[PDB]
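> From the sequence below, what's the structure:
(6 chains, ligands or ions: 6)
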Amino acid sequence: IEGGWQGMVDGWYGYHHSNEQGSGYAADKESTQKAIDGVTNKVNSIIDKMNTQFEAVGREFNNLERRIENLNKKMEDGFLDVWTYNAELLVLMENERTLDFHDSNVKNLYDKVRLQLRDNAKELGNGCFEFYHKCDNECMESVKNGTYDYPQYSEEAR
Amino acid sequence: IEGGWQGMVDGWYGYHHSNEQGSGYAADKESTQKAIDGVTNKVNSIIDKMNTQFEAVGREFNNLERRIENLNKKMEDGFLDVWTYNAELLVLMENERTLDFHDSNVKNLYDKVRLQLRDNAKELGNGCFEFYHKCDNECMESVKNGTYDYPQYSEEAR
Amino acid sequence: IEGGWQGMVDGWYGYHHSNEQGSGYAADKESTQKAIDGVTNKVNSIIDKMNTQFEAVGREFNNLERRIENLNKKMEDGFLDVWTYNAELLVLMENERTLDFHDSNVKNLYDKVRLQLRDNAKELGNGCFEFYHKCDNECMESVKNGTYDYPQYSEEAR
Amino acid sequence: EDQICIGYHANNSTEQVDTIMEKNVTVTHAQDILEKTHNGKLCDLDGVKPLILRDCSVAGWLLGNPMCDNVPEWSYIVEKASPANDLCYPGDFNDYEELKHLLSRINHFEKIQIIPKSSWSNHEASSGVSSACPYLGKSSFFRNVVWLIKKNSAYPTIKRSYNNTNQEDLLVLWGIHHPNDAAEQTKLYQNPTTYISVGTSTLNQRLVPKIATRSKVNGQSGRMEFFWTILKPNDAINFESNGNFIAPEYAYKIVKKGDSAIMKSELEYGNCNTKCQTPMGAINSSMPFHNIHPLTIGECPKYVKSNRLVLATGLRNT
Amino acid sequence: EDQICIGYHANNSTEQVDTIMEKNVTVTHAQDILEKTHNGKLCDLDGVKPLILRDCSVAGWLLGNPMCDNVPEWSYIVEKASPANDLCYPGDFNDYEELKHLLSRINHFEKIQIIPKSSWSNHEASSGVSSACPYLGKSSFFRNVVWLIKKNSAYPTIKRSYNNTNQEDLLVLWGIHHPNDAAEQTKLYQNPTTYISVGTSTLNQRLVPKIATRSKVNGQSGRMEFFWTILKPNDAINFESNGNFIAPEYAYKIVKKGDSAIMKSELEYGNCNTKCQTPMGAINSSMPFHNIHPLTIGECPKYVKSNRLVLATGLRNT
Amino acid sequence: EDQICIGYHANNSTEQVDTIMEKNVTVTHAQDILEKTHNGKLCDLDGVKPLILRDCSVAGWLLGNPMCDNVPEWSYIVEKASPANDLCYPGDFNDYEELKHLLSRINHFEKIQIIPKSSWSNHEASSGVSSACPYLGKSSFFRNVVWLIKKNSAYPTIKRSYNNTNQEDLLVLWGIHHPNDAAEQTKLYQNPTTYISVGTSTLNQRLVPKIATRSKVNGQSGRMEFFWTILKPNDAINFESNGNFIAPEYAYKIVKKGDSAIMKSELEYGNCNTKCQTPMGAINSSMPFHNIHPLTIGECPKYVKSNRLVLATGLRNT
Ligand SMILES: *[C@@H]1O[C@H](CO)[C@@H](O[C@@H]2O[C@H](CO)[C@@H](O)[C@H](O)[C@H]2NC(C)=O)[C@H](O)[C@H]1NC(C)=O
Ligand SMILES: *[C@@H]1O[C@H](CO)[C@@H](O[C@@H]2O[C@H](CO)[C@@H](O)[C@H](O)[C@H]2NC(C)=O)[C@H](O)[C@H]1NC(C)=O
Ligand SMILES: *[C@@H]1O[C@H](CO)[C@@H](O[C@@H]2O[C@H](CO)[C@@H](O)[C@H](O)[C@H]2NC(C)=O)[C@H](O)[C@H]1NC(C)=O
Ligand SMILES: *[C@@H]1O[C@H](CO)[C@@H](O)[C@H](O)[C@H]1NC(C)=O
Ligand SMILES: *[C@@H]1O[C@H](CO)[C@@H](O)[C@H](O)[C@H]1NC(C)=O
Ligand SMILES: *[C@@H]1O[C@H](CO)[C@@H](O)[C@H](O)[C@H]1NC(C)=O
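Numbering: from 1, shown residues only, chains lettered A, B, ... in the order given. Ligands and ions are numbered 1, 2, ... in the order given. The coordinates are given below.
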């Protein structure tokens, strides 16, 4: 693949066809919805699993209690280090994950299509197939929701 | 692919053939064992890396020591928040990982087979191949442990 | 694939060709550099995100302050457990990740090539293709930086 | 001729996220999980208004410092970092930090008179004043305690008792005067050797004045040291002294449920509600992390040393 | 005609796991890593039986409260949250929480007589009793300390010494009586002004009785305040007093290695062993997490606020 | 005939990493993020040399123990675990752990004479010595405080004052002698009943000697208990006593900015610099984790209980 489509605005992953009757963009609504859920459900997980019980923090010690005030500070910025480090990394890690998820979904869409088409279509290697034969919109709409009939165009490529 | 097999009971990943001599289920014992190890080894890692040294927890302070009793509680449920959050997420994250691992292994088994078969077999797109020619059990058993001989059935598909 | 190449020393991922004019090894410098960056950038992330502010740790309590000395120890080896567990796992997890990253990159290199070659080359299933026709070094060098011309050798395989 | 492509959505979004491998990667849609926004005010904590001490310390407020300025309940307390006036007459407050912590969050609080200033028949009840405690430039003294001195060259032994007839715990405060020589001791209290014994069912106290030569503070070298106790319902407090006694007059009805802390902040009230309060202002509690200020009170996001914590939701751009 | 498929195992398993993207995903085989199971009993901690104080406080047990009921070693101590009887004669115990913590885990512990009650020749040794400390309804007093009063209108100065001739540290307890007026002081101890000085190689003590008017507790307004010290082997303890002295009779041989804590729990012993003990019952230590109770003692899984922590091992179902 | 292969680099590397699924996987290139290396020495902490007390305790060093051996600043303090000599004359040091913590990191520190030993005209200033404090085998005493006793059968009341005329906070130390009988009290100080009152603008002290029969330590049964205070600039300290007073002679100019701690370590200085110091030696601070010793001082990697934390950078081998 090469880049993304500004044209495709009704979903995350999808198709762009170009036959005799003309061109068009279309989102793969099933795989787009499955993905949006996951990503959403991920963000919610990172947010909601936080416990956040009532706590009150403050300096409560005098000039002759400097040792315990120090113990307080040690644990106070002990957790500060734990939380910072893990929040920083949690984000960095799961972002790598989200972006890998997007690649997978895009390829698994491409691969679900390549299977149906077999040899009668030409893998241009840019994310497109160029039919040897001709596809009306009934052809195209069959490939997208995955009801493709190979027992029709089956020989014409010869 | 479509779903799992109730029939396949001697392993995690495997094959189901159907020729003239009849049908059958079979587990891919090498890839099944490699996977079981990993998953097991993962669970062990999450369990054994826990340090768990001897500690004794309790209220040890009086009515005029309420400030330090509070410091105790702050750190006590400070760690409670750290552990809860990270254990919750650790599980959620590594589960995503385990289930992705299972997909990969299933596909990498399919893909190791598609390579051998080349054009003389028909990718039905459901996880099965339908031979143009005929396969005895000697054929089938060769595909499974991966000793397939293409320099035999090589032309018959024409 | 089968194993790695001792011969290939100028990069992480690459090609080994063998035509009439002779054999050779070559690194795919673009995908090799993209990968080295990522891995480096990962290690840096794990190192630099550590906060490490100035702290001073020590026993500061007397024989009649054993309770607070104990509170100190509790939090002291509270964090010891948190850090140990998370550092151990952080490593174990991200290693799985790095090694998966390497597989992906190797396959995505193989797959970028298989696309160009189509049917006129034979997938040996070991990471190599064996041309039905003949490839000079101008052919080979075109496949590597990905400027391959299929509208030339297009028919000769028949 | 005919073609079908597979592709992914892109847009005008300029937003960047980071990865454990790459940095500054542009993204379609994103989420920020770091609250970095506050309202610059002190606010109610879940319905319950805070007690803001304008420029008094908890001590001065409790004792009734005249230089200082009724609230039935609060969730937390706000002092400034250095309150202008604390102990007008120089001295000390015993177990002060514990009392502060106790008072941090009070469910009910009502000042009541327990020993009427009028009731002191054999001791001079109205001359315990000092220029260190001025009211409208006139010598005064903490309004809630009585600085008793001698009447007609004599300081009879005091025996006073108060029974907690209320349904609530009572916070009682008293004090002792540490004079600066033996001459002042006899001048004020006649008796050269004095004590103050105080007892409840749990308290067993005997205080003895400390004579010392001290630097002047607020033009006074003598000292007042204060003590407190919680008196349970149906319990009695028994005061006995032959000098230096700073008697209680007013005590406090007390109902404590939860705990909280004392916030040091320069800010002001904002007729405002929050779930999480900061010395720098109130913040929203939805996001899992914040970076405003470590010394929060409430149900608060985790405090973190980060500038941006942004999570990629969309995809890569063009 | 001929076919070969690739597929994966499925079964009758109904078990569900969660993912950072999806929820309630059915699974072939699974693992739970959250221990949520306890045995509802108090148990040995790694071979070493606990010291369970039925309804005494550590204090009352040590001093020999008559209203209370030999164990050579323990791993931890169990009091109930509010032990029925603590200090039969009202009073106080100095550095009590520290002593409790010290006694939390004792390797060896043996009660020994150090000053025989008989040996008091010039002081009345057998009338220090009170109805606040009843034994079978008869006035008694802590069995381990002696409340000395005057003999024939006289209280000679006491000088007693004990040399630690044992091979072990000795825990020694004594006390002082805080009477409630001067009349009682002379009634009991003759001398109007009394002291108790106590010294070892490290201890330098001088206690002076506090006379105060106090609410009655257990029908007594006077008070007993107790003190302790650890006496090293070969060291001596030197007691000197002219009144209000609550002498030691029994002390304790002590061997301390590790530390532990005092558990508050209502449960009972179960002839049972564990590696991790809870106020609610003993638990297994294999799993990395638990959710029973935060106040554990032993080698314990991490305490976590979760209901289920389940890890997917198998695969998705049909 | 003609072929093109796809493959990956391998080498002679023998290094192994671990995975959450597999173990001991051989790898092309790797990174270790666990510092396990130290230099076995005590070093400067960011330019600022430590104060190493050879074999003195902070107390003995401050008071001028004769058995002990000028430094204007330090980052941390190093005592041995049990310093050979602490309090030569047996006794005690009040709020000692707080003073230690205060002194942990001092920006400026200069000893100055505040009350000249010569200035004591009515009290014997040069006989306060003991064999417990030997200097070259001759009876001596802490060099920084003066043990005053009576002159010509008389101990007049002392009234001394010192005004802090310096631009810096002053650390002042004094003490009291706890004799062991009434005879020694009159022998040394004439007056049977003594006190020591000490006052600044914040301090209000009255100490009274404790007579007790004590085990001998360093052949002395009497005791010295020491007290300290910080005297702000322009403030005065007022000492008054009629006996047992261990007067100050030298005090300390003090400038405190940051804090630190007291390290217990047997090691020695190494003319060496670090960012992170350990009781076992100085370590590099680049790596995110270390496993040397938990009691670090500085900007330190996180202390972890691991033997190896190695991160795979290269790829699998052959
Ligand atoms: C304080 O006063 C209360 C109220 O009278 C006393 O409580 C009563 O005590 C008498 C016996 O002395 C009983 O008959 C009543 O049952 C008690 N009344 C209540 C409401 O409990 C109380 O004893 C006094 N407390 C002190 C310390 O003197
Ligand atoms: C307590 O008694 C012991 C036992 O006699 C004393 O220790 C002995 O002291 C003498 C010198 O006074 C020495 O000859 C022995 O070597 C010591 N014996 C042992 C076993 O150490 C001890 O000094 C006495 N302690 C006190 C504080 O009086
Ligand atoms: C200690 O001495 C200083 C220095 O003289 C005193 O400070 C001065 O006080 C007088 C009034 O008494 C003023 O006129 C000056 O303004 C002050 N000088 C400075 C530099 O502040 C100080 O009061 C004395 N302190 C005590 C406690 O006696
Ligand atoms: C990333 O972007 C930020 C903010 O625009 C910029 O300051 C920085 O130089 C960039 N950093 C890297 C490593 O590209
Ligand atoms: C998941 O299953 C649980 C337990 O059976 C049920 O209570 C809950 O409604 C389900 N939650 C979701 C988000 O599907
Ligand atoms: C891994 O290698 C280490 C060190 O060489 C060896 O001690 C251990 O037996 C090995 N462990 C496993 C699980 O293979």
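
> got the contact list for residue D:109?
Residues near residue D:109 by Cβ atoms under 8 Å, 6 or more residues apart in numbering or on different chains: D:71-74, D:252-255. The way it works is simple: take the backbone N, C-alpha and C, and place the C-beta from them, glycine included.

> Nearest spatial neighbour of residue D:241, chain-adjacent residues omitted?
Excluding the flanking residues, the one nearest residue D:241 by Cβ to Cβ, 6 or more residues apart in numbering or on different chains is residue D:196, at 4.1 Å.

> Over to that neighbour: give its phi and psi.
In terms of degrees, to the nearest 10, the main-chain angles of residue D:196 are phi -140, psi 110.

> Checking residue A:72 next. Helix, strand or coil?
Going by DSSP: H, G, I helix; E, B strand; the rest coil, the secondary structure assigned to residue A:72 is helix.

> What count of nearby residues applies to the closest residue in space to it that isn't next to it in sequence?
Nearest residue to residue A:72, sequence neighbours excluded (Cβ to Cβ, 6+ apart): residue B:71, at 5.7 Å. Here the number of neighbours of residue B:71 (other Cβ atoms under 10 Å in any protein chain shown) works out to 23.

> swap in residue D:221?
19.

> try residue D:127
The number of residues near residue D:127, taken as other Cβ under 10 Å, comes to 13.

> so it, which of the three states?
coil.

> what's near enough to touch residue D:235?
Applying Cβ under 8 Å, 6+ apart, we find residue D:235 in contact with D:163-164, D:200-201, E:215.

> list the contacts for residue A:121?
A:129-132.

> Ligand 3: which of the residues you listed is nearest?
Nearest to ligand 3 among these: residue A:129, at 91.8 Å, using Cβ to the nearest ligand atom.

> Just give the number of residues close to that closest one.
Count around residue A:129 with other Cβ under 10 Å applied: 23.

> Kindly report the same for residue D:67.
A count of neighbours around residue D:67, defined by other Cβ under 10 Å, yields 16.

> and it, what element?
For residue D:67, there is no enclosing helix or strand under DSSP states H and E.

> Quick check: closest non-adjacent residue to it.
Closest to residue D:67 by Cβ to Cβ, 6+ apart is residue D:85, at 4.3 Å.

> List the contacts of that neighbour.
Counted by Cβ under 8 Å, 6+ apart, residue D:85 has contacts D:55-57, D:60, D:65, D:67-68.

> Okay, strands next: where are they in chain A?
With DSSP state E, the ranges of strands along chain A come out as A:13-18, A:23-27, A:55-56, A:121-123, A:128-131.

> quick one: which helix or strand includes the residue in the stretch 51-200 of chain D positioned nearest to chain B?
Nearest to chain B in the stretch 51-200 of chain D, going by Cβ to the nearest Cβ, is residue D:101, at a distance of 5.1 Å. Assigned by DSSP H and E, residue D:101 belongs to helix D:96-103.

> Do that helix and chain C come into contact?
No - using Cβ under 8 Å from any Cβ of the partner chain, helix D:96-103 never reaches chain C; the gap is at least 15.2 Å.

> can you pull the buried residues of that helix?
D:97-103 (16 or more other Cβ atoms under 10 Å in any protein chain shown).

> Ok, stretch A:60-73 next?
Under 16+ other Cβ under 10 Å, the buried positions of stretch A:60-73 are A:60-61, A:65-72.

> Make JSON lines out of those residues and add distance to residue A:100.
Listed next are these as JSON lines, based on distance: Cβ to Cβ, whole Å:
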{"residue": "A:60", "distance to residue A:100": "48"}
{"residue": "A:61", "distance to residue A:100": "49"}
{"residue": "A:65", "distance to residue A:100": "52"}
{"residue": "A:66", "distance to residue A:100": "51"}
{"residue": "A:67", "distance to residue A:100": "50"}
{"residue": "A:68", "distance to residue A:100": "48"}
{"residue": "A:69", "distance to residue A:100": "47"}
{"residue": "A:70", "distance to residue A:100": "45"}
{"residue": "A:71", "distance to residue A:100": "44"}
{"residue": "A:72", "distance to residue A:100": "42"}
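
> Which stretches in the stretch 201-318 of chain D count as strands?
All strands of the stretch 201-318 of chain D, identified by DSSP state E, counting those that start in this stretch, fall at D:204-207, D:223-231, D:236-241, D:245-248, D:250-255, D:262-264, D:269-274, D:276-277, D:289-290, D:297-298, D:302-303, D:310-312.

> so which pair among the contacts of residue D:235 is furthest apart in space?
For the contacts of residue D:235, the farthest-apart pair by Cβ to Cβ is D:163 and D:201; their separation is 11.7 Å.

> got any residues that touch both of these two?
Common neighbours of residue D:163 and residue D:201, counting by Cβ under 8 Å, 6+ apart, are D:235-236.

> Those two: which has the busier surroundings?
Higher neighbour count among residue D:163 and residue D:201: residue D:201, with 17 against 13, using other Cβ under 10 Å.
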